[PDB]
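K.L.:
My file is start.cif. It has mmCIF, C-alpha atoms:
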```cif
data_run
#
loop_
_atom_site.label_atom_id
_atom_site.label_comp_id
_atom_site.auth_asym_id
_atom_site.auth_seq_id
_atom_site.Cartn_x
_atom_site.Cartn_y
_atom_site.Cartn_z
CA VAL N 1 70.39 112.89 -108.50
CA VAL N 2 70.51 109.20 -109.26
CA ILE N 3 69.82 107.31 -106.03
CA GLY N 4 70.97 103.70 -105.85
CA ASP N 5 69.99 101.70 -108.93
CA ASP N 6 68.77 103.78 -111.87
CA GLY N 7 65.07 103.13 -112.53
CA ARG N 8 64.61 105.39 -115.55
CA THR N 9 63.40 103.92 -118.85
CA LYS N 10 63.35 105.32 -122.36
CA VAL N 11 60.00 106.58 -123.58
CA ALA N 12 58.87 104.28 -126.41
CA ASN N 13 56.60 106.66 -128.30
CA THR N 14 56.80 110.45 -127.91
CA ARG N 15 53.93 111.05 -130.36
CA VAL N 16 51.27 110.38 -127.71
CA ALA N 17 50.25 112.12 -124.47
CA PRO N 18 51.73 113.10 -122.14
CA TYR N 19 55.16 112.58 -123.72
CA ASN N 20 54.46 114.67 -126.80
CA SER N 21 53.93 117.76 -124.63
CA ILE N 22 57.24 117.29 -122.75
CA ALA N 23 60.06 119.19 -124.50
CA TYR N 24 63.80 119.31 -124.70
CA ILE N 25 64.61 123.00 -124.34
CA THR N 26 67.91 124.67 -125.22
CA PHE N 27 69.65 127.87 -124.25
CA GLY N 28 73.03 129.34 -125.16
CA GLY N 29 75.04 127.29 -122.68
CA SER N 30 72.65 124.74 -121.21
CA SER N 31 69.52 122.65 -121.66
CA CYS N 32 66.56 121.76 -119.47
CA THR N 33 63.17 120.10 -119.69
CA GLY N 34 59.87 121.93 -120.18
CA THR N 35 56.20 121.03 -120.50
CA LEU N 36 53.62 122.73 -122.69
CA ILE N 37 50.88 124.35 -120.57
CA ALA N 38 49.20 126.45 -123.32
CA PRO N 39 49.41 126.72 -127.10
CA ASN N 40 52.56 128.89 -126.88
CA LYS N 41 53.75 128.50 -123.26
CA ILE N 42 56.29 126.16 -121.64
CA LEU N 43 56.74 125.56 -117.91
CA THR N 44 60.28 124.98 -116.63
CA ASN N 45 62.52 126.01 -113.69
CA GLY N 46 63.49 129.58 -112.88
CA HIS N 47 67.15 128.53 -112.76
CA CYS N 48 66.99 127.41 -116.38
CA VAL N 49 66.13 130.95 -117.53
CA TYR N 50 67.82 133.16 -114.93
CA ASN N 51 71.17 132.74 -113.15
CA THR N 52 71.15 134.25 -109.66
CA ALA N 53 74.99 134.14 -109.31
CA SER N 54 75.60 136.16 -112.51
CA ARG N 55 72.28 138.07 -112.45
CA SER N 56 71.83 137.17 -116.09
CA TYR N 57 69.01 135.73 -118.17
CA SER N 58 69.77 132.81 -120.42
CA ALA N 59 70.16 133.23 -124.14
CA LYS N 60 66.98 132.25 -125.96
CA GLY N 61 67.04 128.95 -127.80
CA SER N 62 64.61 126.33 -129.05
CA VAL N 63 61.86 123.98 -127.89
CA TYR N 64 61.48 120.39 -129.17
CA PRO N 65 58.32 118.71 -127.85
CA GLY N 66 58.64 114.92 -127.71
CA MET N 67 62.11 114.82 -129.23
CA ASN N 68 63.36 111.22 -129.28
CA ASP N 69 66.56 109.77 -130.80
CA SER N 70 67.67 113.34 -131.54
CA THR N 71 64.75 113.65 -133.94
CA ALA N 72 62.22 116.49 -133.74
CA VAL N 73 59.32 114.09 -134.25
CA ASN N 74 56.72 116.81 -133.42
CA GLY N 75 58.56 119.81 -134.85
CA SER N 76 60.10 122.73 -133.03
CA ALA N 77 59.57 126.33 -131.95
CA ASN N 78 61.75 129.25 -130.84
CA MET N 79 61.72 130.96 -127.46
CA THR N 80 60.66 134.60 -127.53
CA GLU N 81 59.92 135.74 -123.96
CA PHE N 82 60.61 134.70 -120.35
CA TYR N 83 58.36 135.15 -117.30
CA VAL N 84 60.06 134.63 -113.92
CA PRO N 85 58.51 135.27 -110.49
CA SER N 86 59.93 138.30 -108.65
CA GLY N 87 60.48 135.95 -105.73
CA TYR N 88 63.01 133.97 -107.70
CA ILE N 89 64.94 137.00 -108.99
CA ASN N 90 65.06 138.41 -105.44
CA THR N 91 65.93 135.27 -103.47
CA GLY N 92 67.01 132.37 -105.68
CA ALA N 93 64.95 130.09 -103.40
CA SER N 94 63.60 126.68 -104.39
CA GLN N 95 60.02 127.69 -103.50
CA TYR N 96 60.09 130.14 -106.43
CA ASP N 97 62.06 127.97 -108.88
CA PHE N 98 59.61 127.97 -111.77
CA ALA N 99 59.24 130.02 -114.96
CA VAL N 100 57.24 130.21 -118.16
CA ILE N 101 58.62 130.65 -121.68
CA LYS N 102 56.61 131.95 -124.63
CA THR N 103 57.20 130.37 -128.04
CA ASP N 104 56.92 131.99 -131.47
CA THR N 105 54.32 129.51 -132.76
CA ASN N 106 51.32 127.77 -131.24
CA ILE N 107 52.93 124.36 -131.20
CA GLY N 108 50.74 123.28 -128.26
CA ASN N 109 47.68 123.29 -130.52
CA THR N 110 49.26 120.46 -132.52
CA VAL N 111 50.79 118.34 -129.78
CA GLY N 112 48.61 119.31 -126.84
CA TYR N 113 49.37 120.71 -123.42
CA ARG N 114 48.97 119.75 -119.80
CA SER N 115 46.60 121.06 -117.20
CA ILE N 116 47.78 122.17 -113.74
CA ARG N 117 46.05 120.93 -110.57
CA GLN N 118 46.37 123.16 -107.52
CA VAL N 119 47.42 121.10 -104.48
CA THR N 120 48.11 121.64 -100.80
CA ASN N 121 49.79 118.33 -99.92
CA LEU N 122 51.10 115.39 -102.01
CA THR N 123 52.72 112.80 -99.70
CA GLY N 124 51.65 109.31 -100.82
CA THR N 125 50.68 110.41 -104.34
CA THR N 126 52.13 108.51 -107.28
CA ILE N 127 53.83 110.84 -109.75
CA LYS N 128 55.71 110.42 -112.99
CA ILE N 129 58.83 112.44 -113.90
CA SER N 130 59.69 112.36 -117.61
CA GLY N 131 62.31 114.56 -119.24
CA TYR N 132 65.69 115.00 -120.89
CA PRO N 133 68.58 113.99 -118.59
CA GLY N 134 72.12 114.81 -119.68
CA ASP N 135 73.69 111.54 -118.45
CA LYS N 136 71.63 109.51 -120.92
CA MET N 137 72.65 111.89 -123.69
CA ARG N 138 76.32 111.20 -122.91
CA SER N 139 75.87 107.40 -122.68
CA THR N 140 73.63 106.96 -125.79
CA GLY N 141 74.81 109.91 -127.91
CA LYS N 142 71.17 110.80 -128.55
CA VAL N 143 68.62 113.21 -127.09
CA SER N 144 65.72 111.07 -125.89
CA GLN N 145 62.99 111.23 -123.26
CA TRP N 146 63.38 109.10 -120.12
CA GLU N 147 60.72 108.47 -117.46
CA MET N 148 60.31 107.04 -113.99
CA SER N 149 57.40 106.85 -111.57
CA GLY N 150 57.32 106.76 -107.80
CA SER N 151 55.63 108.11 -104.66
CA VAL N 152 56.05 111.49 -103.02
CA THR N 153 57.66 110.35 -99.78
CA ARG N 154 57.79 113.59 -97.78
CA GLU N 155 56.98 117.30 -98.08
CA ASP N 156 56.99 120.70 -96.47
CA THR N 157 54.63 123.65 -97.07
CA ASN N 158 56.23 124.50 -100.43
CA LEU N 159 58.26 121.52 -101.71
CA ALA N 160 57.68 117.81 -102.37
CA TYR N 161 60.38 115.14 -102.23
CA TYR N 162 60.89 111.73 -103.84
CA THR N 163 63.54 109.14 -104.71
CA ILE N 164 62.70 109.14 -108.43
CA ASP N 165 66.02 109.37 -110.30
CA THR N 166 66.99 112.58 -112.06
CA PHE N 167 70.10 114.15 -113.52
CA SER N 168 71.10 117.60 -114.83
CA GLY N 169 68.82 118.27 -117.82
CA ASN N 170 65.79 117.08 -115.85
CA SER N 171 65.43 120.58 -114.31
CA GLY N 172 61.92 121.73 -115.11
CA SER N 173 60.41 118.25 -115.54
CA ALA N 174 56.80 118.25 -114.37
CA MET N 175 55.52 116.13 -111.54
CA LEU N 176 52.61 114.41 -113.34
CA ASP N 177 49.81 112.74 -111.44
CA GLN N 178 47.78 109.76 -112.65
CA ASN N 179 45.44 112.07 -114.61
CA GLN N 180 48.42 113.67 -116.42
CA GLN N 181 47.97 116.88 -114.44
CA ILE N 182 50.94 118.94 -113.28
CA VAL N 183 51.18 119.03 -109.47
CA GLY N 184 54.67 120.56 -109.23
CA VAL N 185 58.04 120.83 -110.99
CA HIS N 186 61.28 119.03 -110.22
CA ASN N 187 64.18 121.40 -109.43
CA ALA N 188 67.08 119.87 -107.49
CA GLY N 189 68.76 117.33 -105.28
CA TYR N 190 68.32 117.81 -101.51
CA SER N 191 69.69 116.48 -98.21
CA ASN N 192 73.23 116.12 -99.52
CA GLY N 193 72.22 114.22 -102.62
CA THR N 194 70.00 111.59 -100.96
CA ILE N 195 66.59 112.76 -102.21
CA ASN N 196 65.16 114.85 -105.07
CA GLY N 197 62.47 117.50 -104.95
CA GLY N 198 60.84 120.62 -106.22
CA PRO N 199 58.05 123.14 -105.76
CA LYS N 200 54.45 121.96 -105.45
CA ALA N 201 51.66 123.57 -107.44
CA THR N 202 50.41 125.66 -104.50
CA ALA N 203 48.13 128.66 -104.75
CA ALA N 204 51.10 131.00 -105.30
CA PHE N 205 52.45 128.80 -108.12
CA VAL N 206 49.10 128.70 -109.88
CA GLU N 207 48.55 132.47 -109.51
CA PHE N 208 51.83 133.10 -111.28
CA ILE N 209 51.09 130.55 -114.02
CA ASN N 210 47.72 132.17 -114.68
CA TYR N 211 49.38 135.54 -115.08
CA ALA N 212 51.99 134.07 -117.46
CA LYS N 213 49.32 132.29 -119.53
CA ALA N 214 47.60 135.61 -120.29
CA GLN N 215 50.76 137.28 -121.70
#
```
What does this structure look like when you write it as structure tokens?
P.N.:
Amino acid sequence: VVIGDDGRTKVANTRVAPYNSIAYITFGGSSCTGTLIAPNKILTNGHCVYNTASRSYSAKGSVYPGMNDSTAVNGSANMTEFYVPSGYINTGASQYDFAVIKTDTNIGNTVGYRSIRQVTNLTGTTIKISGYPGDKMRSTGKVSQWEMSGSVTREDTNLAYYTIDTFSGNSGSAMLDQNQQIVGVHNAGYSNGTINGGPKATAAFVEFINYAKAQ
């Protein structure tokens, strides 16, 4: 959600790290954000790939790393396989709202990919959220990457929260620390639309990612 004044700014150059590894990702009826985490693997939210209400996987679409001004500046790849934690399929809970997508080509060798840092707690850490919000697409008529930084202001055992602005389309945007390491993934608005949040990169998160990376 957008909280008070909108602090997001357009990414100036998506040909450099970490922006080149952050992708606009499309499905049959929706889009999200994803981040390359291996040569042929994208991290996003579970809810982008699987709908708990309809018990249906999304249709496979395409991945555009560092798209800006509706231009595939770093090329594109197709989605071929989804990996979703059993926890998400069985509960739909935020603490499991992450997923990995395999691509048909090794596009991450060209643009790069981000490392994941296992954390316990994040409160007080400065993070950056960069991705592909739908409200900016409507207002500019172009698909571009938008970023904002801020502090993690509160947390529980599984989730971290922040007032960094997000909108539909940002689902799956990585929480990036100052070393460009992934420490969690944005998933939703919380507390009746007054704060944003998502799952931290806890032990359970990392275990699943390591499994998905080997497939």
K.L.:
If we count only C-alpha atoms and set the cut-off at 9 Å, which residues sit around segment 56-69 of chain N, ignoring sequence neighbours fewer than 5 positions away in its own chain? Please answer as number ranges by chain.
P.N.:
N: 11-16, 19-30, 34-36, 42, 48-51, 74-82, 103, 107-108, 111, 141-145
K.L.:
Run the PyMOL selection byres ((chain N and resi 114) around 7) against the file shown and list the residues it catches, as a ChimeraX atom specification.
P.N.:
/N:36-37,113,115-116,180-182
K.L.:
Find the residues around segment 118-123 of chain N up to 10 Å (all atoms listed in the file counted), leave out those fewer than 5 positions away in its own chain, and share them as a list in words.
P.N.:
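Listed by chain and then number, they are residues 151, 152, 153, 154, 155, 156, 157, 158, 159, 160, 161, 162, 177, 181, 182, 183, 184, 200, 201, 202, 203, 204, 205, 206 and 207 of chain N.
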K.L.:
Smallest atom-to-atom distance to residue 97 of chain N: which of N:54, N:31, N:149, N:44, using all atoms listed in the file?
P.N.:
N:44
K.L.:
Show which residues sit within 10 Å of segment 4-10 of chain N, as a PDB file with C-alpha atoms, in the coordinates of the input. Count only C-alpha atoms, and ignore same-chain residues fewer than 5 positions away.
P.N.:
```pdb
ATOM      1  CA  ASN N  68      63.360 111.220-129.280  1.00  0.00           C
ATOM      2  CA  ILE N 129      58.830 112.440-113.900  1.00  0.00           C
ATOM      3  CA  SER N 130      59.690 112.360-117.610  1.00  0.00           C
ATOM      4  CA  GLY N 131      62.310 114.560-119.240  1.00  0.00           C
ATOM      5  CA  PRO N 133      68.580 113.990-118.590  1.00  0.00           C
ATOM      6  CA  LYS N 136      71.630 109.510-120.920  1.00  0.00           C
ATOM      7  CA  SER N 144      65.720 111.070-125.890  1.00  0.00           C
ATOM      8  CA  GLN N 145      62.990 111.230-123.260  1.00  0.00           C
ATOM      9  CA  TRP N 146      63.380 109.100-120.120  1.00  0.00           C
ATOM     10  CA  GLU N 147      60.720 108.470-117.460  1.00  0.00           C
ATOM     11  CA  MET N 148      60.310 107.040-113.990  1.00  0.00           C
ATOM     12  CA  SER N 149      57.400 106.850-111.570  1.00  0.00           C
ATOM     13  CA  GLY N 150      57.320 106.760-107.800  1.00  0.00           C
ATOM     14  CA  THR N 163      63.540 109.140-104.710  1.00  0.00           C
ATOM     15  CA  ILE N 164      62.700 109.140-108.430  1.00  0.00           C
ATOM     16  CA  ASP N 165      66.020 109.370-110.300  1.00  0.00           C
ATOM     17  CA  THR N 166      66.990 112.580-112.060  1.00  0.00           C
ATOM     18  CA  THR N 194      70.000 111.590-100.960  1.00  0.00           C
TER      19      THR N 194
END
```
K.L.:
So how many Å separate atom CA of residue 176 of chain N and atom CA of residue 17 of chain N, to one decimal?
P.N.:
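Straight-line distance from atom CA of residue 176 of chain N to atom CA of residue 17 of chain N works out to 11.6 Å.
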K.L.:
Find the residue from N:187, N:106, N:40, N:45 that sits nearest to residue 215 of chain N; use only C-alpha atoms when measuring.
P.N.:
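Answer, going by the shortest atom-to-atom distance: N:40.
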K.L.:
Could you tell me how far atom CA of residue 46 of chain N sits from atom CA of residue 86 of chain N, in Å to one decimal place?
P.N.:
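Spanning atom CA of residue 86 of chain N to atom CA of residue 46 of chain N is a straight-line distance of 10.3 Å.
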K.L.:
For atom CA of residue 43 of chain N and atom CA of residue 125 of chain N, determine how far apart the two atoms are, in Å to one decimal place.
P.N.:
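One can read the atom CA of residue 43 of chain N to atom CA of residue 125 of chain N distance as 21.2 Å.
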K.L.:
Evaluated on this file, the PyMOL selection byres ((chain N and resi 185) around 6) picks out some residues - which ones are they, written as a CSV table (one decimal) with C-alpha atoms, in the coordinates of the input?
P.N.:
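Output file result_31.csv is given in full below:
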```
chain,number,residue,atom,x,y,z
N,172,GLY,CA,61.9,121.7,-115.1
N,173,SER,CA,60.4,118.2,-115.5
N,174,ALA,CA,56.8,118.2,-114.4
N,175,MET,CA,55.5,116.1,-111.5
N,184,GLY,CA,54.7,120.6,-109.2
N,186,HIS,CA,61.3,119.0,-110.2
N,198,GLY,CA,60.8,120.6,-106.2
N,199,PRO,CA,58.0,123.1,-105.8
```
K.L.:
Taking the file as shown, find all residues satisfying the PyMOL selection byres ((chain N and resi 83) around 8) and write them as a PyMOL selection string.
P.N.:
chain N and resi 81-82+84-85+99-101+212
K.L.:
Counting all atoms listed in the file, which residue out of N:209, N:214, N:188, N:2 sits closest to residue 117 of chain N?
P.N.:
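When distances to residue 117 of chain N are compared using all atoms listed in the file, the smallest one comes from N:209.
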K.L.:
Would you fill out segment 31-45 of chain N with N, CA, C and O atoms and return it as a tab-separated table (two decimals), in the frame of the given file?
P.N.:
```
chain	number	residue	atom	x	y	z
N	31	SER	N	70.83	123.16	-121.29
N	31	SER	CA	69.52	122.65	-121.66
N	31	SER	C	68.75	122.28	-120.40
N	31	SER	O	69.34	122.02	-119.35
N	32	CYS	N	67.45	122.18	-120.55
N	32	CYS	CA	66.56	121.76	-119.47
N	32	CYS	C	65.43	120.95	-120.08
N	32	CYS	O	65.44	120.62	-121.26
N	33	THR	N	64.43	120.66	-119.27
N	33	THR	CA	63.17	120.10	-119.69
N	33	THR	C	62.07	121.13	-119.52
N	33	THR	O	62.14	121.94	-118.59
N	34	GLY	N	61.05	121.11	-120.37
N	34	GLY	CA	59.87	121.93	-120.18
N	34	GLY	C	58.63	121.17	-120.56
N	34	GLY	O	58.74	120.12	-121.19
N	35	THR	N	57.47	121.67	-120.16
N	35	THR	CA	56.20	121.03	-120.50
N	35	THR	C	55.28	122.10	-121.05
N	35	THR	O	55.15	123.17	-120.46
N	36	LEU	N	54.61	121.81	-122.16
N	36	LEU	CA	53.62	122.73	-122.69
N	36	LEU	C	52.45	122.83	-121.73
N	36	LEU	O	51.95	121.82	-121.24
N	37	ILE	N	52.02	124.05	-121.46
N	37	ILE	CA	50.88	124.35	-120.57
N	37	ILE	C	49.85	125.27	-121.26
N	37	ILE	O	48.86	125.65	-120.65
N	38	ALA	N	50.10	125.62	-122.51
N	38	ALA	CA	49.20	126.45	-123.32
N	38	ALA	C	49.68	126.31	-124.75
N	38	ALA	O	50.69	125.70	-125.01
N	39	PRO	N	48.95	126.85	-125.72
N	39	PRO	CA	49.41	126.72	-127.10
N	39	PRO	C	50.83	127.25	-127.37
N	39	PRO	O	51.52	126.68	-128.20
N	40	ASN	N	51.26	128.27	-126.65
N	40	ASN	CA	52.56	128.89	-126.88
N	40	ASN	C	53.33	129.15	-125.59
N	40	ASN	O	54.10	130.12	-125.50
N	41	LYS	N	53.13	128.30	-124.59
N	41	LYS	CA	53.75	128.50	-123.26
N	41	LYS	C	54.31	127.21	-122.70
N	41	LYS	O	53.65	126.18	-122.75
N	42	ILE	N	55.55	127.28	-122.22
N	42	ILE	CA	56.29	126.16	-121.64
N	42	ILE	C	56.60	126.46	-120.18
N	42	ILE	O	57.00	127.57	-119.85
N	43	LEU	N	56.39	125.49	-119.32
N	43	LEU	CA	56.74	125.56	-117.91
N	43	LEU	C	58.08	124.88	-117.69
N	43	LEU	O	58.29	123.74	-118.12
N	44	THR	N	58.98	125.54	-116.98
N	44	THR	CA	60.28	124.98	-116.63
N	44	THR	C	60.73	125.58	-115.27
N	44	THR	O	59.88	126.13	-114.55
N	45	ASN	N	62.00	125.39	-114.90
N	45	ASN	CA	62.52	126.01	-113.69
N	45	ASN	C	62.99	127.44	-113.93
N	45	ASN	O	63.51	127.79	-114.99
```
